[PDB]
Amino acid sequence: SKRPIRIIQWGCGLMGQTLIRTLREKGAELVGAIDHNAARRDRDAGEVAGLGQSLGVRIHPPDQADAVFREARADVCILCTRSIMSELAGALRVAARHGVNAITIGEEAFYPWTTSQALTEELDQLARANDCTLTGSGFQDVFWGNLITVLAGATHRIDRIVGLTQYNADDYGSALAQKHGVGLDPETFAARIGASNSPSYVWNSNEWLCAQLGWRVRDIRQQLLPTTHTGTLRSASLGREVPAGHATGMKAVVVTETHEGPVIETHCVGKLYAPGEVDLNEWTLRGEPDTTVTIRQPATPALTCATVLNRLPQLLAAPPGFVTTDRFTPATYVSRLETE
């Protein structure tokens, strides 16, 4: 006897709407919905997600999260809100206090152990105390992660791993556009983005690779450079026109040096696209032998959401704590989001 996995969606923006539609297609049940956005509070989650039949799941503001957790009897909270642990920790604490497993697409949560050590250790203790698992997943899990380590499993010697990834700032909400400096003039970009040099998404995903490959990080160097176009580009995400020479987004170059010798160099571009530009994911393992993998035009948003859903049975089965996916076996295709 199987029952649907019971999901609270926290963040009912572009990604959250995709997850609401897709979790139901896999046989899961939406049992709670939280969003602070004015336009969405009090609407039916089904309606907002573009379903034709309302779900009977009212979107609550976050100040009512404890009420929606107590009512919902959920197996899992999916959190699609912000990129950094400081801005995710509040929602993760709520899920943990209620003993509800949580998975976030928030990029830092993929591997936050050094970048937000104290928040991660506190959440790990709380999740342990309440007998639930927290984790970070998304596009990184396969495409900047297990894709590379499965190919490393066919490699005799690795000298260097080199990654090139690119995604469209317009496909995601304002947390991503903001992190990438979309619409900033060159001087403001340098001063706000370049100067503060906050860990890019591939800072955390390169640490995940080292953890799964069994390497120890010695140093990480990052440069954030504005991306630019010769014409004006419109940001539907931030609702701003970006004139030629203003930042259309950010290229991050991260070089991860290990004690063991190998280095991971990852170029990560989030920007507005000129006509004919597409998502990229290309990796080379340099050593013996040299191997290059190319994903032809990854459907980055769809792939993000599908790995989150495929992870859910492993998240339920996982031991309690904040357990990053480097400690899991790779995500497997799940036909139905149901549990015994």
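When you see a residue number, it is the position in the sequence shown, counting from 1.
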query	finding
Comparing 243-251 with 124-132, the one whose average Cα B-factor in the PDB entry is higher	243-251
Higher-scoring stretch by recorded Cα B factor average, 98-106 or 190-198	190-198
Identity of residue with top Cα B-factor, from 276, 289, 313, 298	276
Selection from 31, 280, 51, 308 [criterion: highest C-alpha temperature factor in the record]	51
Ranked against its chain, the third holding the CA B-factor of residue 142	lowest
Chain-wide C-alpha B factor ranking for residue 167, given as lowest, middle or highest third	middle
Chain-wide C-alpha B factor ranking for residue 75, given as lowest, middle or highest third	lowest
Within-chain third of residue 87 by Cα B-factor, per the entry	middle
Cα B factor band for residue 157 (lowest, middle or highest third within the chain)	middle
